[PDB]
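Trainee: I'd like to ask some things about the structure below.
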Amino acid sequence: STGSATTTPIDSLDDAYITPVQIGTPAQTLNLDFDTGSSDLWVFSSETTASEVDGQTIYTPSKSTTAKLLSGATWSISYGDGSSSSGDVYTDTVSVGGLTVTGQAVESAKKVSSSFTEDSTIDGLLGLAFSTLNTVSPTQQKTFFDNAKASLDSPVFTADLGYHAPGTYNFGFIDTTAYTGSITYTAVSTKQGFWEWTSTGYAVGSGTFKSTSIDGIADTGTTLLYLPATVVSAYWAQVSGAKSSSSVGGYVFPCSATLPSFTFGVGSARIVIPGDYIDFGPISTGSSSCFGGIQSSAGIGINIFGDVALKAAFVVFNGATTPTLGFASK
């Protein structure tokens with residue numbers, strides 16, 4: 001089997017991407033944030049504290065003839081950005097782009113933190129990291145991909161995120177028309193539950209490539225590119241007037257700037273992030289200070305190849321017995 005679904009930016013900045021997901025019988029379609037950095041499929045629901053729901057579409061398990069309470073199961077998750085959610089668990093039928101999993105754990109939110117409430121466009125998350133990170137207790141549950149894998153034509157999914165435009169998540173096949181050149185594959189460590197890999201270096205603009213190992217995670221659920229402070233300083237030093245602002249929470253730059261590109265290495269291959277991808281617009285409405293899309297990972301504890309990086313590539317998440325990651329230009 002295969003599946004193919006379009007993923008759409010939630011706003012004009014590509015702050016996140018939503019993908020329609022069918023849950024239950026009859027189908028209830030919710031727009032979920034596909035997140036290769038976590039492993040829970042959770043939704044706003046009829047059980048979510050009413051004051052914490054503000055415009056989201058909810059899953060109502062009592063209206064699904066295939067929903068079953070997973071007795072005694074609870075979940076609770078905290079994300080890198082400080083947000084969180086928790087609740088109880090159903091199993092139900094879940095379909096993405098024509099690919100169906102029966103008995104998928106659907107984690108129903110009883111509580112969500114303010115940032116989720118305040119984002120009316122995101123109805124929940126669909127985790128695509130390794131199932132070892134799944135938070136359901138006392139019986140850990142599998143991700144949608146893990147459940148689908150054996151049925152897929154090939155045990156893979158691909159992320160093809162757009163810049164200010166829709167893109168695609170495919171399951172079970174590689175669309176050879178969706179990228180240019182070849183796909184370069186690179187080793188993955190699953191030791192921390194992530195799609196963790198090592199970039200071979202970077203360049204800023206038309207500058208020379210610096211060969212240096214950068215361990216990090218391919219994370220579709222993180223907006224920005226978070227890299228070591230040395231790398232980030234080297235990038236922003238090429239932008240007149242850019243500075244790190246403790247008050248704002250990272251590097252800012254004059255909105256009048258033309259940003260240089262940023263290149264990262266995948267083995268001997270190179271992925272070029274155009275400068276415009278690194279612009280996250282005014283820090284507040286009407287400001288001429290703009291927020292940068294490359295930020296320091298210092299004090300996160302891990303480097304994160306988030307959407308800024310991933311949307312410059314066609315990315316293969318290869319879930320073979322020994323997982324790997326593939327990157328192609330597009």
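Quick note on naming: the chains in the structure tokens go A, B, ... in the order shown, residues restart at 1 in each chain, and ligands are numbered from 1 in order of appearance.
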Could you name the residues that touch residue 42 in chain A at 8 Å or less, counting only C-alpha atoms, but leaving out those on the same chain fewer than 3 positions away, as JSON, numbers by chain?
Mentor: {"A": [106, 107, 108, 109, 124, 125, 126]}
Trainee: Mind writing the picked residues with N, CA, C and O atoms as a short mmCIF file (atom, residue, chain, number, x, y, z; two decimals), in the first residue's frame?
Mentor:
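Written file, again.cif:
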data_model
loop_
_atom_site.label_atom_id
_atom_site.label_comp_id
_atom_site.auth_asym_id
_atom_site.auth_seq_id
_atom_site.Cartn_x
_atom_site.Cartn_y
_atom_site.Cartn_z
N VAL A 106 -5.13 6.77 19.16
CA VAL A 106 -5.51 8.16 18.99
C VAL A 106 -5.61 8.74 20.39
O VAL A 106 -6.50 8.36 21.16
N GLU A 107 -4.69 9.63 20.73
CA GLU A 107 -4.57 10.16 22.07
C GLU A 107 -5.44 11.41 22.16
O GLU A 107 -5.22 12.40 21.48
N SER A 108 -6.47 11.32 22.99
CA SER A 108 -7.48 12.36 23.11
C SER A 108 -7.07 13.33 24.20
O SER A 108 -6.87 12.94 25.34
N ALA A 109 -6.94 14.61 23.85
CA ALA A 109 -6.51 15.61 24.81
C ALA A 109 -7.63 15.96 25.78
O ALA A 109 -8.74 16.29 25.37
N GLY A 124 -4.09 18.95 16.21
CA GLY A 124 -3.34 17.94 16.92
C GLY A 124 -2.05 17.65 16.19
O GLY A 124 -1.70 18.34 15.23
N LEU A 125 -1.32 16.64 16.68
CA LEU A 125 -0.03 16.26 16.14
C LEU A 125 -0.09 14.80 15.71
O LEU A 125 -0.79 13.99 16.32
N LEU A 126 0.68 14.47 14.68
CA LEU A 126 0.89 13.09 14.29
C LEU A 126 2.40 12.84 14.31
O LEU A 126 3.16 13.32 13.46
#
Trainee: Pick out the residues sitting within 7 Å of range 260-272 of chain A, and hand them over as a VMD selection string; count only C-alpha atoms, and ignore anything fewer than 2 positions along from it in its own chain.
Mentor: chain A and resid 184 186 199 to 205 258 274 to 275 312 to 313 329
Trainee: Return as a Markdown table the residues of range 77-102 of chain A lying at most 12 Å from range 22-38 of chain A, together with the closest atom-to-atom pair for each and the distance in Å to one decimal, counting only C-alpha atoms, with rows in chain order and ascending residue number.
Mentor:
| residue | atom | partner | partner_atom | distance |
| --- | --- | --- | --- | --- |
| A:77 | CA | A:38 | CA | 9.3 |
| A:78 | CA | A:38 | CA | 10.0 |
| A:79 | CA | A:38 | CA | 8.4 |
| A:80 | CA | A:37 | CA | 9.7 |
| A:90 | CA | A:24 | CA | 10.3 |
| A:91 | CA | A:24 | CA | 9.1 |
| A:92 | CA | A:24 | CA | 5.6 |
| A:93 | CA | A:24 | CA | 5.2 |
| A:94 | CA | A:23 | CA | 4.6 |
| A:95 | CA | A:22 | CA | 5.0 |
| A:96 | CA | A:22 | CA | 6.5 |
| A:97 | CA | A:22 | CA | 8.6 |
| A:98 | CA | A:22 | CA | 9.2 |
| A:99 | CA | A:22 | CA | 9.9 |
| A:100 | CA | A:22 | CA | 8.9 |
| A:101 | CA | A:23 | CA | 9.8 |
| A:102 | CA | A:24 | CA | 9.4 |
Trainee: Keeping only N, CA, C and O atoms, write the selected residues to a file as a tab-separated table (two decimals), in the first residue's frame.
Mentor:
chain	number	residue	atom	x	y	z
A	77	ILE	N	2.65	14.84	27.36
A	77	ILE	CA	3.84	15.17	26.59
A	77	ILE	C	4.19	16.63	26.78
A	77	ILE	O	3.31	17.47	26.98
A	78	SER	N	5.49	16.90	26.77
A	78	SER	CA	6.02	18.26	26.80
A	78	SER	C	6.97	18.40	25.63
A	78	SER	O	7.84	17.55	25.43
A	79	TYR	N	6.82	19.48	24.88
A	79	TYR	CA	7.65	19.71	23.71
A	79	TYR	C	8.76	20.71	23.97
A	79	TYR	O	8.75	21.43	24.98
A	80	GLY	N	9.72	20.75	23.06
A	80	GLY	CA	10.90	21.58	23.21
A	80	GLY	C	10.62	23.06	23.34
A	80	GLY	O	11.43	23.81	23.89
A	90	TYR	N	-7.84	6.33	22.81
A	90	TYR	CA	-8.73	5.45	22.07
A	90	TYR	C	-7.91	4.73	21.01
A	90	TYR	O	-6.84	5.21	20.62
A	91	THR	N	-8.41	3.60	20.53
A	91	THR	CA	-7.94	3.09	19.26
A	91	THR	C	-9.04	3.32	18.24
A	91	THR	O	-10.22	3.27	18.57
A	92	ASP	N	-8.64	3.61	17.01
A	92	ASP	CA	-9.60	3.86	15.95
A	92	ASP	C	-8.88	3.73	14.61
A	92	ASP	O	-7.66	3.58	14.54
A	93	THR	N	-9.67	3.79	13.55
A	93	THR	CA	-9.14	3.74	12.20
A	93	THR	C	-8.65	5.12	11.78
A	93	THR	O	-9.38	6.10	11.93
A	94	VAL	N	-7.42	5.18	11.28
A	94	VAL	CA	-6.80	6.44	10.87
A	94	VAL	C	-6.28	6.29	9.45
A	94	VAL	O	-5.59	5.33	9.13
A	95	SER	N	-6.63	7.24	8.59
A	95	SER	CA	-6.17	7.21	7.21
A	95	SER	C	-5.48	8.52	6.86
A	95	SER	O	-5.94	9.60	7.23
A	96	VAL	N	-4.37	8.40	6.13
A	96	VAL	CA	-3.62	9.54	5.64
A	96	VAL	C	-3.43	9.35	4.15
A	96	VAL	O	-2.76	8.42	3.72
A	97	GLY	N	-4.02	10.23	3.36
A	97	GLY	CA	-3.77	10.21	1.94
A	97	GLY	C	-4.08	8.88	1.29
A	97	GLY	O	-3.40	8.49	0.35
A	98	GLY	N	-5.12	8.20	1.76
A	98	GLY	CA	-5.50	6.90	1.21
A	98	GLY	C	-4.90	5.67	1.86
A	98	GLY	O	-5.30	4.55	1.54
A	99	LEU	N	-3.96	5.87	2.78
A	99	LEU	CA	-3.34	4.79	3.53
A	99	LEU	C	-4.04	4.63	4.87
A	99	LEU	O	-4.11	5.59	5.63
A	100	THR	N	-4.56	3.44	5.15
A	100	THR	CA	-5.36	3.21	6.34
A	100	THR	C	-4.69	2.27	7.34
A	100	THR	O	-4.19	1.21	6.97
A	101	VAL	N	-4.70	2.68	8.61
A	101	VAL	CA	-4.29	1.85	9.73
A	101	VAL	C	-5.49	1.62	10.63
A	101	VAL	O	-6.13	2.57	11.08
A	102	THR	N	-5.81	0.36	10.89
A	102	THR	CA	-6.81	0.05	11.90
A	102	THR	C	-6.13	-0.14	13.26
A	102	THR	O	-4.97	-0.54	13.35
Trainee: Would you return as a PyMOL selection string the members of range 8-221 of chain A that DSSP assigns to strand (DSSP E or B) on this structure's backbone?
Mentor: chain A and resi 8-9+17-23+28-35+41-43+45+59+68-78+84-96+99-112+124-127+137+156-160+167-171+184-187+189+196-204+210-218
Trainee: May I have the residues within 9 Å of range 213-227 of chain A as a ChimeraX atom specification, using only C-alpha atoms and disregarding those fewer than 5 positions away in the same chain?
Mentor: /A:14-17,33-38,80-81,125,127,129,159,161,194-201,232,278,292-298,300,302-311,325
Trainee: Could you check how far CA of residue 256 in chain A sits from CA of residue 288 in chain A, in Å to one decimal?
Mentor: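 Computed distance, CA of residue 256 in chain A to CA of residue 288 in chain A, equals 7.6 Å.
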Trainee: When you look at range 145-151 of chain A with a cut-off of 8 Å (counting only C-alpha atoms), what residues show up, excluding the ones that are within fewer than 6 positions of it in the same chain? I need them as a list in words.
Mentor: residues 1, 100, 101, 104, 128, 130, 131, 157, 172 and 319 of chain A
Trainee: Give me a file of those residues, with C-alpha atoms, as a CSV table (one decimal), in the first residue's frame.
Mentor:
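Okay, this is what ended up in selection_25.csv:
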chain,number,residue,atom,x,y,z
A,1,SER,CA,0.0,0.0,0.0
A,100,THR,CA,-5.4,3.2,6.3
A,101,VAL,CA,-4.3,1.9,9.7
A,104,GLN,CA,-4.2,3.2,15.7
A,128,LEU,CA,6.7,10.3,13.1
A,130,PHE,CA,10.5,6.3,16.7
A,131,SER,CA,7.9,4.6,18.8
A,157,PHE,CA,7.9,8.0,4.1
A,172,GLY,CA,5.5,3.7,1.0
A,319,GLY,CA,12.4,2.9,8.2
Trainee: Report, in Å with one decimal, the straight-line distance from CA of residue 291 in chain A to CA of residue 209 in chain A.
Mentor: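 A separation of 25.1 Å between them.
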Trainee: Restricting the calculation to only C-alpha atoms: of A:211, A:103, A:53, A:10, which residue gets closest to residue 66 in chain A?
Mentor: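 Distance minimum relative to residue 66 in chain A lands on A:103.
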Trainee: Using only C-alpha atoms, pick whichever of A:87, A:166, A:301, A:281 has the shortest atom-to-atom distance to residue 40 in chain A.
Mentor: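 Answer, going by the shortest atom-to-atom distance: A:87.
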Trainee: Of the residues A:112, A:248, A:183, A:257, which is the one nearest to residue 44 in chain A, using only C-alpha atoms?
Mentor: A:112
Trainee: Near residue 6 in chain A, within 9 Å and counting only C-alpha atoms, which residues show up once chain neighbours fewer than 3 positions away are dropped, as a PyMOL selection string?
Mentor: chain A and resi 18-20+97+166-170
Trainee: With distances taken over only C-alpha atoms, which residue among A:13, A:320, A:73, A:255 lies nearest residue 164 in chain A?
Mentor: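 Result for the nearest residue to residue 164 in chain A: A:13.
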Trainee: I need the residues in range 2-135 of chain A that are helix (DSSP H, G or I) according to DSSP; give them as a PyMOL selection string.
Mentor: chain A and resi 50-52+61-63+114-117+131-133
